[PDB]
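Q: when you get a sec, could you give me coordinates for this:
(8 chains)
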Amino acid sequence: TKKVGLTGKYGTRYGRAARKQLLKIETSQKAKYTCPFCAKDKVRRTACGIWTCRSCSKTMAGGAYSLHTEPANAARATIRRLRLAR
Amino acid sequence: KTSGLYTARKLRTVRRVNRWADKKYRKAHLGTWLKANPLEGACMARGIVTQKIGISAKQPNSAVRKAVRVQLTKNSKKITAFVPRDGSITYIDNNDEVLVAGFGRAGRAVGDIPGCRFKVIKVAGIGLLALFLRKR
Amino acid sequence: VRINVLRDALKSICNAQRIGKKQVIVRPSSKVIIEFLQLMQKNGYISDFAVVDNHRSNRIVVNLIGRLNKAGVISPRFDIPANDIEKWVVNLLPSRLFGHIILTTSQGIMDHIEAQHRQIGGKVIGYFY
Amino acid sequence: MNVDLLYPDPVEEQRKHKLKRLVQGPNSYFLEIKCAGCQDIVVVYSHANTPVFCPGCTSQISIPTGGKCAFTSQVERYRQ
Amino acid sequence: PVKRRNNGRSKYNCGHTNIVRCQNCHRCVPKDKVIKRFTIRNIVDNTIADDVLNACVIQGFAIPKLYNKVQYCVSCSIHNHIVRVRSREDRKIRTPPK
Amino acid sequence: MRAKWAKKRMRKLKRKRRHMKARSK
Amino acid sequence: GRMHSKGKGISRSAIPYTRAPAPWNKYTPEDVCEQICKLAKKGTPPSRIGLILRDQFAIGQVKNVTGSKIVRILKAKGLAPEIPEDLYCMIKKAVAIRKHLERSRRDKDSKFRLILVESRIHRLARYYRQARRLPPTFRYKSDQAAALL
RNA sequence: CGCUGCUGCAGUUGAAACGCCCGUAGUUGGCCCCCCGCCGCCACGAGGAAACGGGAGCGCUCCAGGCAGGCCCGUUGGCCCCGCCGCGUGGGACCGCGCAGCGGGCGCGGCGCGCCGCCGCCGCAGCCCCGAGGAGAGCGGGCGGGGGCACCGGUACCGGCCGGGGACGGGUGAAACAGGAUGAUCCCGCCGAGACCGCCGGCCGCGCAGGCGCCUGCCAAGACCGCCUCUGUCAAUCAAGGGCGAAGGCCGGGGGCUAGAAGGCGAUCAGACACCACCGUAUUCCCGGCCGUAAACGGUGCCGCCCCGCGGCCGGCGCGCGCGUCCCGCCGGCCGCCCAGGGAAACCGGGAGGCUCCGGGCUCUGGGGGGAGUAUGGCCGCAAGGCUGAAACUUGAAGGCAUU
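A: Numbering: from 1, shown residues only, chains lettered A, B, ... in the order given. For reference, the structure is listed below:
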């Protein structure tokens, strides 16, 4: 138990860069996110892009390793401003 | 400075740590010098002269100060010692016992003899001064 | 923070004399400063000292006749053995006959000359010459 | 001039700060003031920052400021 | 020794000033140390102003002025005589002279 | 800048020395 | 000097020399103690209870008119704040900066002010715990602070 | 040798204030109660080996000595000193520190007492220092390039065009390599992209420092001020420990206009591979982490006190007056000049003053020049490297500030 928290599965294999990158992505993939609809931290991933709330029971499209993504958060915000204008 | 009736420990610690900062205390009490000194705490030591050599004078003086390369018996450490007085190198011959004593600068070098830390005092068991005055 | 009340009071007393003023006001009044001023007044170094009642920590107005050279506090209050009340005299003041070190003793806060006669030793509060 | 201490000038003391003075003292007072609707006098702080309402006209008579409270309705003066 | 209390800069109650460049040298110079002489001149020289003023067919148009803040680096300023090396006595003077 | 140039020279000797210790482990 | 800033300021309050009630003031100790008790019913903090007595009523100094300070009046009625108001007011501020921090992760300046405010809550709590004005069990954590407010 | 500094060193520039802020131990704590209980404290006791040291007497011929000697105090050989944190008694200023109700009676509680109870039993003024130019909290009122986040506008540079028109254009110290009838440069009409926030813009301001400047909207804060608001010392500095920290750099993505480490190049010059011209990769810029350094400066740690005038600016507040961004003050910040004072001077005087006349509190660091911020071990970092950190050895100066 120390630096390689979830990447201990790999063992002494695949090299440090891959394990460090995997530690960020795998932690995000295995994380629990807040349902936009039910506001409870029970959204988990079923497949890349498919995230399902285990309380709300709602499936939402999302980033492969995160419910929301940085490009997409920008897009919703631009769409609301542009929609308010038109 | 620390000014508390209960600050004696801090003041003692500061003196202990700060005392070593002065170079002369560190030479005297660290103990590195005692191991390093070719004469280990001794006033002087005996040795055999492997080579009679002359060390050129440092500027601005110009001279071939006469010196001997001596292997001290106690530590088997070879050293350079100046043979004092005029033309007294003649008494020294290589493969001859000699006694080497400090130059009075406590391991430092005196005047224009570069890197000479000691002077011969007795060659073949007879004092160099006596030979130059022709006493013996 | 204002740890030593005496030091602030006595530096103001000496700063006012150096410019040369007739009245000085000391911001904090302490019963020890009041005693210190009293010993100096009796010896004649200073005149009347008036303790205004702030109802908070109080103030002191000390009248200066101009005869005080240096008045100071030795901090920490150090412990002076009776066979050392003479050692302090030469290190701190000018001449044995002129000058007064105040030391607190079980008998009270008194000048060293008095303590030396009583054969008692206390804890030094400060030097007034 | 022989003006000295322990007995200092009142006018000179006012200009000096409340705590930087021989006796630290209030710089504020209470005001006897009379409203347009009600002629009874309400005693108010001179530096009230609280919302203060008249015992008569429903609207507050106190307007809070950085220093002395300003008033919105009729004004009396100098409490006695 | 410290030559100037100002330290050659007018920085007071600050740790950093916006960089500007010498107009001549192009050296980055903190805004406080720049020489900064503002100049208001005329679009054409006085020697040509008379002839241009006569030429204009407009009723009352003066030669329009050009406003530029020249900011110079220390070296650019001493070489181009914008500022002079003064004695320790006159170094203190602050009023614009001449 | 002889002090800044001495430090760089010291660093290019310490990195060489660190490499030499690594050859022998 | 300010505890957590290199700032020096003096904007204090100067209590009068007279510790005796003013002549114009007509409120008996019970009259103002009643106001203090009804102001506690509104839930107003003792800093506000003291201000309300000062401006709507004319009792500029409560201890002058009564014999005890606002919290002594409250403690006698057992109506004092369970958590002393000073700590509680710091705790409101800590949660308020923490709420803003939840939206913005790049306000390093805001985070810094939190460390200073939190440090006060710890310092005042240790004094309050030692005085026993706070139960010894009390611990200000941070994540659990939202519930504590 | 005050070159180790308790007395008693130094740290603006000679060597040396940690880049900043929080912070635990540690150290240090405003004022305050006359009366005692425990402290430390101090006084004097006992009791503790001589030698030695100091010292009484004594002519070993003097002497270094030695306790001798002279018909002799009970002839001498006295007396002082083991630093003793031990003890005994006294004092109780200073120094900390004490939460609990008392008191009467019963009562001779198993030779005297206290306990330990029990009874309101009517005897207690029964039971609160005050409110720090300490600190936190509050409310009010303005304040600012303080922070974040979204939105945005403006030219300029660069590129891609449409038109026009015609020989050179760049570049410089002078040039030269690049560019130009594939019509460049130049002018206009547009367009793309990415940076950047001009002039206003400062002895302005804000921020804990590093730092901070488009336009709008939002969010949380912050110092200052005013106060008859609250609390009642809740504090000061700080190893260990946490966070932050220009630029350059590194890592994983985005982006790529401008400059531009490297690279290449034309001119130089004996040679320049350098400066100067030109092209240009990393970089610059964004997001998520690292790094942990700067002449991170005021080369000046932090909290507190008094301290001499004359100014300017800045943010509050109040006073005067008819009355104006007027005037005088107050508080806080930024500053200039400065009488003393200090200093080796330079100078500093909102301190570097109140210091050989040397002692308000706390931390840090230095101890001639090098070797060397090296070696080695450690810790940390992806690395670069950071933090810690010698010695052998060498040397008579190195340095500060002034004056010709």
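
Q: any chance you could map the helices in the chain?
A: No chain in the question, so chain A it is. A:15-29, A:70-85 (DSSP state H).

Q: hmm, no, I was thinking of chain E.
A: So, for chain E - with DSSP H - the helices run E:46-55, E:74-79.

Q: and residue B:67, how far from residue B:113?
A: 7 Å (C-beta to C-beta, to the nearest Å). Where you see a C-beta, it was placed from the backbone N, CA and C, and this is true even at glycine.

Q: more crowded one of those two?
A: residue B:67 (25 against 21; other C-beta atoms under 10 Å in any protein chain shown).

Q: quick revisit: now the common contact residues for residue B:67 and residue B:113.
A: Common contact partners of residue B:67 and residue B:113 (C-beta atoms under 8 Å, 6 or more residues apart in numbering or on different chains): B:55, B:82.

Q: tell me the centre residue of the chain?
A: Using chain A. residue A:66 (1.3 Å; C-alpha atoms, centre = their mean).

Q: switch to chain C, please.
A: Note: chain C centre (C-alpha atoms, centre = their mean) maps to residue C:36, 4.1 Å.

Q: chain D now?
A: Geometric middle of chain D (C-alpha atoms, centre = their mean) lands on residue D:46, at 2.7 Å.

Q: correct me if wrong: that one contacts residue D:31.
A: Yes. Counting by C-beta atoms under 8 Å, residue D:31 is a contact partner of residue D:46 at 5.5 Å.

Q: circling back: isn't the residue nearest to the centre of chain C right up against residue C:6?
A: Yes. Between residue C:36 and residue C:6 there is a contact at 6.1 Å, judged by C-beta under 8 Å.

Q: ok, which of the helices of chain A comes nearest chain G?
A: helix A:70-85 (12.8 Å; C-beta to the nearest C-beta).

Q: need the nearest residue in space to the residue nearest to the centre of chain A, chain neighbours excluded.
A: residue A:28 (5.3 Å; C-beta to C-beta, 6 or more residues apart in numbering or on different chains).

Q: equivalent analysis for residue B:119, please.
A: Spatial nearest neighbour of residue B:119, chain neighbours left out: residue B:82 (4.8 Å); criterion: C-beta to C-beta, 6+ apart.

Q: so who does the residue sitting furthest away from the middle of chain G touch?
A: Residue farthest from the centre of chain G, counting by C-alpha atoms, centre = their mean, is residue G:106 at 31.5 Å. Listed by C-beta under 8 Å, 6+ apart, the contact set of residue G:106 is empty.

Q: could you look up the SS state of it?
A: Three-state call for residue G:106 (DSSP: H, G, I helix; E, B strand; the rest coil): coil.

Q: how close does it sit to chain D?
A: Using C-beta to the nearest C-beta, to the nearest Å, residue G:106 is found at 34 Å from chain D.

Q: what do you get for residue A:44?
A: 52 Å.

Q: residues near that residue, how many?
A: Neighbour tally, residue A:44, other C-beta under 10 Å: 15.

Q: hmm, residue A:56 and it touching each other?
A: No. Here residue A:44 does not reach residue A:56: they are 11.6 Å apart, not a contact under C-beta under 8 Å.

Q: what sits closest to residue G:136 if chain neighbours are left out?
A: residue G:129 (5.6 Å).

Q: ok, now which ones touch residue B:121?
A: B:44, B:99-101, B:127-129.

Q: among these, who's most crowded?
A: Most surrounded of these: other C-beta under 10 Å gives residue B:100, at 25 neighbours.

Q: filter the contacts of residue B:121 down to the ones in strands?
A: B:44, B:99-101, B:127 (DSSP state E).

Q: report the entries of those that also contact RNA strand H.
A: Among those, proximity to RNA strand H is found for none (C-beta under 7 Å from any atom of the strand).

Q: so which pair among those residues is furthest apart in space?
A: In terms of C-beta to C-beta, the ones in strands among the contacts of residue B:121 reach their longest pairwise distance at B:100 and B:127, which sit 12.9 Å apart.

Q: now chain B against chain D: closest residue?
A: Going by C-beta to the nearest C-beta, chain D is nearest to residue B:3 of chain B, at 29.9 Å.

Q: what about that residue, how many neighbours?
A: When neighbours are counted by other C-beta under 10 Å, residue B:3 comes out with 8.

Q: same deal with residue G:35?
A: Residue G:35 has 17 nearby residues by other C-beta under 10 Å.

Q: wait, isn't it in contact with residue G:50?
A: No. Contact criterion C-beta under 8 Å: residue G:35 and residue G:50 do not qualify, at 10.8 Å.

Q: what helix or strand does the closest residue to RNA strand H within chain F sit in?
A: Residue of chain F nearest RNA strand H, by C-beta to the nearest atom of the strand: residue F:11 (3.3 Å). If you go by DSSP states H and E, residue F:11 is part of helix F:2-23.

Q: chain C contacts on chain B?
A: B:3-5 (C-beta under 8 Å from any C-beta of the partner chain).

Q: change it to 6 Å
A: Counting by C-beta under 6 Å from any C-beta of the partner chain, the positions of chain B adjacent to chain C are residue B:5.

Q: what is the burial count for the residue of chain B found nearest RNA strand H?
A: With C-beta to the nearest atom of the strand as the measure, residue B:4 is the residue of chain B nearest to RNA strand H, at 2.5 Å. By other C-beta under 10 Å, the residues close to residue B:4 number 10.

Q: list the contacts of residue 49.
A: You didn't pick a chain, so chain A it is. Contacts for residue A:49 (C-beta atoms under 6 Å, 6 or more residues apart in numbering or on different chains) come out as A:61, A:64.

Q: that's the wrong chain, I wanted chain G
A: Residues near residue G:49 by C-beta under 6 Å, 6+ apart: G:36, G:39, G:70.
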